[PDB]
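Shown next, in structure tokens, is the structure this report addresses.
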DNA sequence: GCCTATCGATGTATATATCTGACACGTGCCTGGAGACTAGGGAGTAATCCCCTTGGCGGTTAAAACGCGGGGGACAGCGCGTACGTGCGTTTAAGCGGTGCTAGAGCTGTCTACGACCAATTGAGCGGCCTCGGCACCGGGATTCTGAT
DNA sequence: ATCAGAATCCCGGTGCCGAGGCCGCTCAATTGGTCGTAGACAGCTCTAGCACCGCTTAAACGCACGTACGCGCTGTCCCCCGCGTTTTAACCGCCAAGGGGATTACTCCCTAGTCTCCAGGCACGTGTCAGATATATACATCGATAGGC
């Protein structure tokens, strides 16, 4: 019965719709618009999450942690592009040393 | 007088501002004092900038203000240069400036 | 002989002197010869992103004519707002 | 009940660890004061806005949301806080 | 020798022409009557090449009878050029000298002809013959030729008398109208032709005896038996063919797999137009353009040419039409034929040029962009140079051009208006064409062109048949709703054949079997091939003007093709459905993505019931009419206010108007009673014709009557320096002052004429001189002047007729452009003559 | 006693889609929740601005598609767009 | 024929106040108008966010002031805040 | 004969263009370049001249600012001659890739 | 007599601090620093602990990014010892030192 | 190796020169700002629980504090010799100037499908809590690195 | 050079409280009805961007070596690091005030929405004079001059 179910979403159609109304974005909002957006947000997140899952697995951990998130973001060039000024708590930094500084 | 701007002693249009704010969906309701305060602030900044522009044109021995004067005025107000740090002005040019390493001896 | 002739790419029309002239306004006294192609590359990438965005606005607007405000929107979105052509 | 000088608490070793994470191999002794100066300017602006938000919120206590908003206004962002 | 052999005439020097069944019979009749020593009249209708036949008669006289001349030819100046040209091209062995021009030119020619007395044929006009009859009489004449001898319809004519005063043995009179509704013309000609057999006095008996031949078959037979030796006349198309009979061909071509690729892709891309009945108009129209491009050439689509863009056969391989055309052109080139190519898309002409370059063929191109002078150069080049192909945009070529040098015409794609194609056809298959012309329309078998043509052809042939037959059975203008259905039917056609063969169906066709016989690189004008009759029970099967290769157009998409379309739509839906039905797809997995929003692109909605459509049509009509009427009235009120400004502006400057108001609304009361041709008896051609005199335009040679000098000016009022303008200032300085005043005072309006006297410094001994300046040009900062407003010249001459008759003053005009070689004088001259000289007003032209 | 909703459950649901067997720390859940909500604001802001530029009262899929294309950098949007439109198709197909 | 509007007359009237006997080019006027609209959007956008942060339905001068405090440079803000306050206290006497 | 020494005229040019308010790129070449690039995005696009004009203004401003930063980098590197390595470093610090 | 040569263990330190993810700043000194700067805008403020943590996180990320740009600028000058002159160029080019 | 001049060359700011469209101003009109009248729920209204931060203790430790010693980089010097500055001429084509053309932007009108508002209602998920083991963490396993061989 | 000998992982086994899962009640997501405007969608009208030719003259192409910069290699020498060695108060565990944030519930004014209207702002309108272009300096630095000391 739920519109989310009707949409095949994980995401909450009614809640998303409510957010769109209260955000004062426009005078009127179509019923499919939240569907598209929710789907997109849902999409994006999981794409991140697989990569995040890959990092935790590579790190021999069963639970994903912020460190995995930092590494994953920078490694999707587009995630880094989209998130160029976003910092992750306990994210740390990418391992990298300049060849000029390396030993003879 | 009828106009709220004259009541505030302003030149800028408070009624237009209130209308624009209402139409801009910034909030569900807009109090009558916010347009007044904003009109005064915009008017102030306008006067501040126009004074610098007027000085630049006058200094340039000219009666008409042009974008060149605006660029000169803006960058020389160090605060405007930061406020407008990535804003570009058409026909503004740049400030004459040459590094000492490049200067002759 | 006149029906068709091969011609140099328009980017080279941003001639070596055009680049030199720009650098001189930038206060550059001496310039290495590798910079002409380097500048062309940077400029092309910059333009590519701007035009693509503009095209996006216009097509959403369902127009066929590209508009200066579309450029304004692109510039503002990219954080390089230009004053002098509209509002 | 008044605070001073703990910027030097971001001592040479504090700065050295940060520089090593930054990949720095040698650190000039002049870098320590340069860093403390730049850091203070950065912090001042963030805190200034956070305070502005706190004041707008009519609060006496500074919250993580004020920090988040300050960063966001500065075009910076830190996930994992507030929300 | 068999009809004094055509070879004997050619051996005697006849070059460049075939004495057609009609021309050969005429020359032999002339030759036979010469053996009988009876003079002759060639009464054949205009265009049968009477010129050619007469030239062959001189060839017969010089070659068989050794009559060395001299021979005299009297002809109209418009044909005198033709006579000279035919003599030079077809009879180079007989020296033909032209006695034409002005009194100074004629004085030189009289000296030259007395110095170089070795001409066989002398060409002169009727007016010069009358003026210099005494000069023409000095030469001992053998045979006299009169072209369009109707000039002799009156024995009292000075021409008839002076020629009767010439020493004549044998006469040949050529006339397109041996009887202009009076037997006196025929008898006057006959008495001139053979005065010994036809005395000058038997005019009354000839008229009276033969006037009722329409009623008397007996008199018809008697007059012809008497005329058989003296008058030859024949009727058209049966023997007297005059225009080479036109041949019409439809060409069927296959398509390449690449074309098929795009066909499938284009059609599949926009299935929604078939679903939304109301969105069909714009969408199908766009699609149709793309389909046309595909049939023409896939490279008409961006990125379809494989990079690098190298010239090669892959072009012909890409289009079955081009593939066929290439092979066809090779044949035509080997056949020495000349081809005109018409297409609506200039874009293909570009590719075609590229192709000509590839094959190295000689070609010219004229489309709507080739400017007039450039266009003259292209035509000139084609006429002089061995250019094989002419690339033409279908809309640009129909206007005035002459391309009779070509024998082959190809339509790549047809126009919306069949009148345009017919208008273009008149450019090459034009009067004067001596080769049989072949007309080609290109169609891909079972392709969109065939379907479009089936219905378009029904409309087009009906329209073309309607234009010559005059019974306008124009296929009714079906509203766009039905044109959308028509387009869906077209789109539902041939689908089985088109898609079931994804490979190229580009069949090699033996062109000659379809094209018919080629003789000396000429198309044999065989009537459209009716599949030949094998007699056993008569079965009627339309080998009429709409059937080519026996194939009948106008017939609908097979029902199966229609079914396959609908099936394909659902099949495409299934692909979309499956992709959307299928689970979540990730990028590291590199899944297939669906393109943008479906309703992103727009869908048109339900049709308001036919009743509601009718009501909205009315509403649309009513709303437009109501607003139009109200708006137009309010717009007029603006014009009224502007008029107030105009009057106030003139009034504020204390200026008096010298411009005559635009008199284009007065009935020309020139005795109201059927405007039938006032028969100008042939007495002194100088009295009603414009008299040209060399001299200064500013001093009219008018005796005692008032004189009206006419000149054209711009609306600036700024007086010119040099040339004729200096002559005007020499006679008076006031024309300058009035012109400067009128220009500054806004008195110069297009077609306005300034009238003021010219007697200020030098006045005639009798009569008043008036100068009329016509406001015909405006010059903007771009300095572009329009031809002295052609419209203003007509209005000015109308005013001059009314003013000159009203004042009964003589009119004096300069010969505009006399010093500019190739200047179009005729338009000005005929306006002057029609409005003044033909109306009895004395007109003098100064050069 | 106070009530506070969040999107974590879908995150977890999604987690099990990408990695049915994988688990996640609270800190990571908080980060992603913040991330989702932030991007929602980005997209909605652009759709709003675009509608204003077009003086349009209603936000629709048109706006979603195009705002998305601007924000999700280049191709990143393509991927999202394909699923986004699909879901809408599903929703509108259903009733 | 379609009616437009801009800040041009206000800019020009202010110009004659700060500098009599001087004019301004149309290009410069366009820039001024453009700048005014930009700043307006900056202020209104943050004020909207602030209102949401506080769940307020109604925007007031307090939000405007706060946005100005955040947006403007360290001293320019002092003058602007003074003028805005001055205008409100003057108007409210009506 | 006469010749100015290396850098003397360069200094004049710097002062001339910095004193000037004029555009430095030829309009028609820039215009064609944009339209050719437009072929890369769509088969059919019309353009306002003012839009192209704005694009040139923004492009020149962007590059000039870059040239200033590049010049600083060369000076920091004890050079007078700018090199691609400087441009790359500048953009890198500006967070441009 | 074994000693690692200058800069060799410094590389090991780089590897250490790049592999670790924990904060490198002394927490209480940073907390005092937060309170100290805030003291300039208002007296007797109260601070959420998480606000201080967020501030510390943001500061570290900011400084580390600066150290990287500084490192590159020194390397561009063919040096390996970072100096304020590098910081000054970097901040100017970033436009922070507008 | 200057250093004080020096012409005069090429150029630059200045004089007074003239020329014009872009700068001014208003006209005629409107359209939307104001001056009304009006309701009700949003922001302020205040009281309150009970929490979060600040206050507060000392311990135990890692950590920072302070120095020597040094070899390598930081730092400058130098000659190499290319390549980038300059002024020459050659040639292209960018500019200022037109023309013709119609695509497509632009407004208007009518009304309907799409969504707005209102409502009943069910159940998704909601706060508060409990259970289990991935992880931290510790001691202490092995491995592999540097500069000393 | 190869190896010793600093110092890096790998590993087992432990034990903590966080992550995942449980239910709960509320309030709102989905279910159910009416209106209405927007947009859309279709129409008609007219504009400006576009395709084309055209002359012109300035620009860039293309010329060359001279020049001086940036180069690679030179040497200098003392500073950040390596490690020791000293000494810190941070971190950490424990308790515990109460300032304050967030919770509760409530009132009245403010702004929104109401209708009628008129006057400030504009688009069209027309003109004019400051700035643009003349033109030829007067007058400054640079080039080599070019000396003398």
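Sequence positions for chain C are given in Swiss-Prot numbering; the residues included correspond to 17-103, in order.
Backbone N, Cα and C atoms are what each Cβ position is placed from, and that goes for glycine too.
Annotated features in Swiss-Prot:
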type	residues	note
DNA_BIND	C:17-21	DNA-binding region
CROSSLNK	C:32	UFM1 cross-link
CROSSLNK	C:92	ubiquitin cross-link
MOD_RES	C:17	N6-(2-hydroxyisobutyryl)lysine
MOD_RES	C:21	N6-methylated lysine
MOD_RES	C:32	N6-acetyllysine
MOD_RES	C:32	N6-lactoyllysine
MOD_RES	C:52	phosphotyrosine
MOD_RES	C:60	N6-(2-hydroxyisobutyryl)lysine
MOD_RES	C:60	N6-glutaryllysine
MOD_RES	C:78	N6-succinyllysine
MOD_RES	C:78	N6-glutaryllysine
MOD_RES	C:80	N6-acetyllysine
MOD_RES	C:92	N6-butyryllysine
MOD_RES	C:92	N6-lactoyllysine
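Shown here: features listed in Swiss-Prot, placed on the structure.
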{"residue": "C:17", "record": "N6-(2-hydroxyisobutyryl)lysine", "DSSP (3 states)": "coil"}
{"residue": "C:32", "record": "UFM1 cross-link", "DSSP (3 states)": "helix"}
{"residue": "C:52", "record": "phosphotyrosine", "DSSP (3 states)": "helix"}
{"residue": "C:60", "record": "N6-(2-hydroxyisobutyryl)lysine", "DSSP (3 states)": "helix"}
{"residue": "C:78", "record": "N6-succinyllysine", "DSSP (3 states)": "coil"}
{"residue": "C:92", "record": "ubiquitin cross-link", "DSSP (3 states)": "helix"}
What is the number of other Cβ atoms found within 10 Å of the Cβ of residue C:92 (ubiquitin cross-link)?
15
Of all the recorded positions given, namely C:17, C:32, C:52, C:92, which is spatially nearest to residue C:60 (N6-(2-hydroxyisobutyryl)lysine) at the Cα level?
C:52
Subset of modified residues C:17, C:78, C:80 within reach of chain H (CB-CB under 8 A):
C:80
In angstrom units, rounded to an integer, how far apart are the Cα atoms of residue C:78 (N6-succinyllysine) and the residue listed as 'ubiquitin cross-link'?
21
Quick one: pull the CA-CA distance for residue C:21 (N6-methylated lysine) versus the residue listed as 'UFM1 cross-link', whole Å only.
23
Candidate with the highest Cβ count within 10 Å, taken from the recorded positions C:21, C:32, C:78, C:80:
C:32
When a 10 Å sphere is centred on the Cβ of residue C:17 (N6-(2-hydroxyisobutyryl)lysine), how many other Cβ atoms does it contain?
4
Rounded inter-Cα distance in Å - the residue listed as 'UFM1 cross-link', residue C:80 (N6-acetyllysine):
34
Cβ-based isolation winner (fewest other Cβ atoms within 10 Å) among the modified residues C:52, C:60:
C:60
Spatial neighbour of residue C:17 (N6-(2-hydroxyisobutyryl)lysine) that is closest, considering only the recorded positions C:52, C:80, C:92 and their CA atoms:
C:52
Rounded to an integer, what is the Cα-Cα distance in Å between residue C:52 (phosphotyrosine) and residue C:92 (ubiquitin cross-link)?
28
Could you state the whole-number distance in Å separating the C-alpha atoms of residue C:80 (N6-acetyllysine) and residue C:92 (ubiquitin cross-link)?
22
